[PDB]
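Take a look at the following structure, please.
Read-outs throughout are calculated quantities, based only on the coordinates presented, and are distinct from any laboratory measurement. Cβ placement follows ideal geometry from the backbone for every residue including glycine, while neighbour counts extend to all protein chains displayed.
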Amino acid sequence: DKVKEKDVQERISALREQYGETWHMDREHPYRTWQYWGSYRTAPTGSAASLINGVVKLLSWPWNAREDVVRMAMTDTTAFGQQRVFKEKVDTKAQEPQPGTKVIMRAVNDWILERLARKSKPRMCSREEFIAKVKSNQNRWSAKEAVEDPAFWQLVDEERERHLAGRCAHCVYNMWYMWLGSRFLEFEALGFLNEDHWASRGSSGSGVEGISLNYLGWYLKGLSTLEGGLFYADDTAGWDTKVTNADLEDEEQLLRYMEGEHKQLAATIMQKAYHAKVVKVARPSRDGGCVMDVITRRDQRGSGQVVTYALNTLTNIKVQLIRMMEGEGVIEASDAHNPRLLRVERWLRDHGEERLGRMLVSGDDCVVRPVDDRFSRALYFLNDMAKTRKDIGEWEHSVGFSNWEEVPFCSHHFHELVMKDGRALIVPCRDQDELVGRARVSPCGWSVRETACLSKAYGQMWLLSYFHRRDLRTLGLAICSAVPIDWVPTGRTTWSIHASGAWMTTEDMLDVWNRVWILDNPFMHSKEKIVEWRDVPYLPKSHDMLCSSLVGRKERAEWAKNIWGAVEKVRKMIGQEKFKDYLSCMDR
Amino acid sequence: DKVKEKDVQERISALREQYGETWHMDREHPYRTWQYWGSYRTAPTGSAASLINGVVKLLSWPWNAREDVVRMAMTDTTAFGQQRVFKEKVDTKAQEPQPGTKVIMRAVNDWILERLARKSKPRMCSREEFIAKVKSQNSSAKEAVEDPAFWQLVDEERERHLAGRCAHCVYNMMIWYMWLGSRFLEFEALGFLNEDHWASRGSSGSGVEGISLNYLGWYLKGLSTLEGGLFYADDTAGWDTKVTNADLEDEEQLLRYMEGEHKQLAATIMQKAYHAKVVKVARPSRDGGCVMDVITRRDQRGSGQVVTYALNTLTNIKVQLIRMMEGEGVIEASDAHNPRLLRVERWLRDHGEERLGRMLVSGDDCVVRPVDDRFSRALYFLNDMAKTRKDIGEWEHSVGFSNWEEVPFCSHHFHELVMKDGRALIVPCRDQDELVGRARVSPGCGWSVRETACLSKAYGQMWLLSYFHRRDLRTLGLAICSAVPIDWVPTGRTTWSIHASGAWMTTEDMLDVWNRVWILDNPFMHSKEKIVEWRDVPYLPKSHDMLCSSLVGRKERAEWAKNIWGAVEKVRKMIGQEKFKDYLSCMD
Ligand SMILES: [Mg+2]
Ligand SMILES: [Mg+2]
Ligand SMILES: [Zn+2]
Ligand SMILES: [Zn+2]
Ligand SMILES: [Zn+2]
Ligand SMILES: [Zn+2]
């Protein structure tokens, strides 16, 4: 059994036995720090067998040999598999922090919301807005389809009216997301955090919301001009399962800045839906089919909440701001017991604004440039707050970097390139094998056209952000020469919230390049457009090979030669459509 | 010496001591779990020296210095060889399954037999049938069936079978081989299993009888589109020796779908010939000669029984339905000795028929695609029906595959291949050096230059038809066809697998037959435009060609494939003044 857990708030919500035909109670259930409330037969779904995108396979055949380009479809959407992941990574309980720590945390936290709030007040959001966002991309309906049928709104109206009263009956997680009705209720109460850009750099000081990968490098580089210690870029092992109750209570202080129906609407979401969670988890039944368990708990963050990104940013800002304090000397392990609160409030009054600009924080990822490297050893309040660092001993010093071009952020590194005309670019880089490998994974039942379109998405994206990788420019230019001109791209190419998506057009890819890298790039003073791909730079060849490029081997050499043969196969595969030749505009 | 013995159904059979001139009774015989009934002197036969095909050695001299083409040379057919193989692999007793296991077995089995009976009922097969097969014991079987004396012999043993006694159905273990009259008796009784295609995919669900090896890959790749776990392709260590008495009785309940003469002729074959075995095994005498032992046994299967494939398929379908059911929850190891029979009856009726289509079963070989990867730990009932997985610990978890292209089946992998015209092929593949090694083996001493040439053509055309996608094999196959006369018709078996079409034992143009099997008669090719020249048939990716053995790069080969025409000429001058065409030059 669990120790800390939900109580009477879960009742109205668990007490939809609308799967009553199959409701039962599996005494042999696995859950330990979650609370088992019953289960019901559900259609078994998921698979462990990998599906491979054929057009990307055809065009990138040396990547068969490579090993880390195949483990991306070592996935497992099967109940049995998902259950294993859950029992290893989700079913624990974070050690909540000691009471002094909690006092420092509330101090820093409330300081942060105060800052944020004075720029733009909390606010409710309109159905007409939810409509717009839906219209830009329990089951009686698409998403566009649902928001039209007034029966849908008549449903949210029912649950909304319940929330105003302070209960809800429908706001359950499918392990970790919800359905349109409750998703609108979130968006209404808390959607201001996203739509009013509370996690932007202007608002939160150290957030980076709204900056694409294509400009983030300028920010990394700007950090190197400050006085201080090394760049630090520790990562927290499994952030969402370490969001403690202290953490959640701190973020509920956002409620104070609201009033009226908005404060109520918000508080039900914040402390029923989010803090008294009711989760649907699939699990294999002992009779050849699939059961769904209903579990509850208090802490941890549901990864698919409407405002996970914002809250994780604000919360992680606070964690880093505290770590800064410990390392500077403002707090020490003593303060975990009887904290010197006036000491932290002075530091915020006197240095908070400056420390804010010393870090880039995007959800659970940071880059931190502290005033000196005492930050390495400053692990007490970090471990106390449960934000246990990945792949390092609990009390082992954090290792830093003096070259910003080596600091990892948002799954990337950033390098500076100088073009032929003397203008500098700072480009996002990533493992070539990691990027091809995700493109080789198919979302079955995807027709030759739908899979061609998904590939163009990857190819177009590679041209916006990894044009500086020989292998990828070639491979993206080939994909665009093998997929019809007017097939609009479709599909998810990245999950980062720094994805432009600017490549899901059917515009010329050079033309979008100039748009993002020059015309709209705020760091380009001169706005002279570039005319041909031959004038867009590359990384230095050493860097290319080192970030796992095939450049060098007979493999890559012979692949590059025979690559038109591949392109023609895909064309013949696709039929009598309009193709154009972008590969040859490599002076080839 | 044994503990599970035959009795009185052996006596009339072993009552041919009409080898009596030398019949005796070695007190120094080696049999533990077989029964000794007497030896008798025979002409010593068989060799352990490798006799290598002349023409294939001339045209592929690289592979001489290769301990992969000479591992096939070492086949010892001396009575001492046979004997040593026997004692190690065949003279054992499988542990018989537990009583509940046994119930579950007859439960699942009966489900299966009923299902196919309801689709086609057991029948007899006429002598017209048997005569027709033959067109395709002291000449050939073609002659043996025209002389009505051989047929009078049949009736003699036929009337004894109707009586319930066997005189001549005895196995030769050159555990099985038989003489014409006795084979017809088996064929007349049980031969519907073959002639009515009971192991057909359409009839058995999991079977693959009739699918050419050139088409199976479409079936493998189809499985990937199923929701489920990984692919599993455990291979059982020496299947036929683990076919237990349990297994045989279950098969025997096939008699409940016959009436009258049938149910007796068949009950005799199944219960006398198949289940009370009299086997002739050679062993070396102690006076410079051979002696044939006459031994008997209850269980195991003869490999050359007329319906070994069908019976083996069916019983394996049963074994694997049971293992799913262990790892699906339906069966819990505790009910090995007190069976929850109702569970397995529900599973069968509700889920069962869709489970049939997640397996590919061909004799003792399967590809299974379970509901989830619990199947990898479900080894209690698999170890209980004695079907021990080979090359892995008895309780060690199975290892799956996510990529259908990495799944092995019928001694082959399958890869997808896109042609220049854009159509897709799924070709079978196998280790190049095992393939050439088998051709380098001459089937007998005193084969003449003419007949060993004919046998090399048989291999060369087979390679051309199913392994055309290997650079080295296509060369070798084409060279062989250029060194052997055009009007010389291929002879001999080039493969024992039941999935061999044989379509290559023609003297027709190989491209012609290529197009007929890959396009014209190919059910998975919905465009029947034909291919004018070999230069248009695809290859396997050059990287995939050298991982799957091959030389390709290897200067040793570039030398070979340079002056291979020097070898063709040698073989021609060797053969004579005959009609030769130059198939090599239609290539690059
Ligand atoms: Mg990082
Ligand atoms: Mg196998
Ligand atoms: Zn609700
Ligand atoms: Zn890089
Ligand atoms: Zn007989
Ligand atoms: Zn292969």
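Take A:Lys89, project a point 7 Å from its Cα along the Cβ direction, then tell me which residues of the stretch A:190-222 have their backbone nitrogen under 20 Å from it.
none
On average, how many beta carbons from a partner chain sit within 10 Å of the beta carbon of a residue in B:416-425? Each step should come with its number before you reach the end.
On the way: counts 4, 0, 9, 3, 4, 4, 9, 3, 3, 0.
Counting Cβ atoms of other protein chains within 10 Å of each residue's Cβ and averaging gives 4.
Given axes a ≥ b ≥ c from the Cα gyration tensor, I'd like to know whether the stretch B:471-552 is rounded (a/c under 1.5), prolate (a/b larger than b/c) or oblate. Don't skip to the answer; put the middle values down first.
On the way: a/c = 1.37, a/b = 1.04, b/c = 1.33.
Judged from the Cα gyration tensor, the stretch B:471-552 comes out rounded (a/c under 1.5).
For the pair B:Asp391 and A:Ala557, how long in nm is the line joining their label points, each one 7 Å along Cα→Cβ?
3.6
Only sites in a loop by DSSP and with at most 14 other Cβ atoms within 10 Å count here; which chymotrypsin sites (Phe, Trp or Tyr not before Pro) in the stretch A:367-443 make the cut?
Sites meeting the loop and neighbour criteria: A:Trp395.
Report the extension gain between A:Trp446 and A:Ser542 in nm, rounded to one decimal, defined as 0.36 nm multiplied by the number of residues separating them, less their alpha carbon distance.
That pair, A:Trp446 and A:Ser542, stretches by 30.7 nm at full extension.
Using 1/(1 + (r/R0)^6) with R0 = 45 angstrom and r between the beta carbons of A:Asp508 and A:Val399, what's the FRET efficiency to the nearest 0.05?
Once the sixth-power term is evaluated, E becomes 0.55.
Scale the Cα Rg of the stretch B:102-161 by the rule-of-thumb value 2.2 N^0.38 Å and send over the ratio, two decimals.
1.73
In Å and on Cα atoms, what radius of gyration and Dmax does the stretch A:1-99 show?
20.4, 59
Taking the Cα centre of the stretch B:1-68 as origin, sum charge times position over the Cβ atoms of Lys and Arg (+1) and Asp and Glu (-1), and report the length of that vector in debye to the nearest 20.
Its charge dipole is roughly 120 debye.
Using +1 on the beta carbon of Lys and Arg, -1 on that of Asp and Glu, and nothing else charged, what's the dipole of the stretch B:155-314 about the Cα centre, debye to 20?
For the stretch B:155-314, the charge dipole is close to 480 debye.
Report the far tail of the P(r) of the protein assembly as shown, meaning the percent of Cα-Cα pairs longer than 39 Å.
Every Cα pair in the protein assembly as shown considered, those over 39 Å come to 62 percent.
Explain nothing, just the number: dipole magnitude of the protein assembly as shown about its Cα centre with +1 on each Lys and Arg Cβ and -1 on each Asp and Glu Cβ, in debye rounded to the nearest 20.
Around 1120 debye, computed over the protein assembly as shown.
Kindly flag which residue pairs out of B:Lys6/B:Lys387; A:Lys4/A:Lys89; B:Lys135/B:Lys277; A:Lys527/A:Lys580; B:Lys6/B:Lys242; A:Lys561/B:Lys542 have an alpha-carbon separation exceeding 20 Å in this structure.
Pairs exceeding the cut-off: B:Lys6/B:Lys387; B:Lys135/B:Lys277; A:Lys527/A:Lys580.
Provide Rg and Dmax in Å for the stretch B:347-388, with only Cα atoms included in the calculation.
11.5, 29
Roughly speaking, what is the centre-to-centre gap between the stretch B:455-513 and the stretch A:164-239 when only Cα atoms are used, to the nearest Å?
65
Residue by residue, what Karplus-based ³J(HN,Hα) values in Hz, rounded to whole numbers, does the stretch B:490-499 have, using 6.51, -1.76 and 1.60 with θ = phi - 60° and x for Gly and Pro?
x, 9, x, 7, 9, 6, 8, 3, 6, 9
Of the beta bridges DSSP finds with both residues in chain A, what % are antiparallel, to the nearest 5?
Numbers: 31 of 35 bridges.
If I count the DSSP bridges inside chain A, around 90 percent turn out antiparallel.
Same structure, new question: Rounded to the nearest 0.05, what FRET efficiency is calculated for B:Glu529 and A:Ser334 with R0 set to 60 Å and r the Cβ-Cβ distance?
0.10
Measuring from label point to label point, each 7 Å out along Cα→Cβ, what is the B:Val3 to A:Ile12 span in nm?
Between B:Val3 and A:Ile12, the label points sit 7.0 nm apart.
Let me ask something additional. I'd like to compare B:155-162, B:433-440: which one has the highest average count of other Cβ atoms within 10 Å, and what's the full order after that? Mind dumping the intermediate values first?
Working: B:155-162: 15.4, B:433-440: 21.6.
Answer by packing, highest mean first, reads B:433-440, B:155-162.
Also, I was wondering about something else. Residues of B:340-349, mean number of Cβ from any other protein chain within 10 Å of their own Cβ, rounded to a whole number?
Other-chain Cβ atoms within 10 Å of each residue's Cβ, averaged: 1.
Can you list which of the trypsin sites (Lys or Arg not before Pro) found in the stretch B:519-551 are DSSP loop residues with at most 15 other C-beta atoms within 10 Å?
Taking the stretch B:519-551 and a limit of 15 other Cβ atoms within 10 Å, the loop trypsin sites (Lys or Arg not before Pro) found are B:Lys528, B:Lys530.
In addition: Please list the equivalent ellipsoid semi-axes of the stretch B:412-533, computed as the square roots of five times the alpha-carbon gyration tensor eigenvalues, in descending order and whole angstrom.
Calculated on Cα positions only, the semi-axes equal 26, 16, 13 Å.
Taking K and R as +1 and D and E as -1, what net charge do the other residues with C-beta under 15 Å from the C-beta of B:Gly437 add up to?
Taking every other residue near B:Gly437 into account, the sum is +1.
Sticking with this structure for a sec: Within 10 Å of each Cβ of B:394-406, how many other protein chain Cβ atoms are there on average?
Counting Cβ atoms of other protein chains within 10 Å of each residue's Cβ and averaging gives 2.
When the helix-only estimate is applied to chain A (DSSP H runs of n ≥ 4, each -39,500 (n - 2.57), divided by the residue count), what is the mean residue ellipticity at 222 nm, nearest 500 deg cm²/dmol?
-11000 deg cm²/dmol
Can you pull out the GluC sites (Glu not before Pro) in the stretch B:4-75 whose DSSP state is coil and whose Cβ has at most 12 other Cβ atoms within 10 Å? Don't skip to the answer; put the middle values down first.
Numbers: sites: B:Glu5, B:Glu10, B:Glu17, B:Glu21, B:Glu28, B:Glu67; in loops: B:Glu5, B:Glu10, B:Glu17, B:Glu21, B:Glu28, B:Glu67.
The qualifying sites are B:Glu17, B:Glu21, B:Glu28, B:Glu67.
What FRET efficiency comes out for the pair A:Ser303/B:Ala49, r = Cβ-Cβ distance, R0 = 45 Å, nearest 0.05?
0.05
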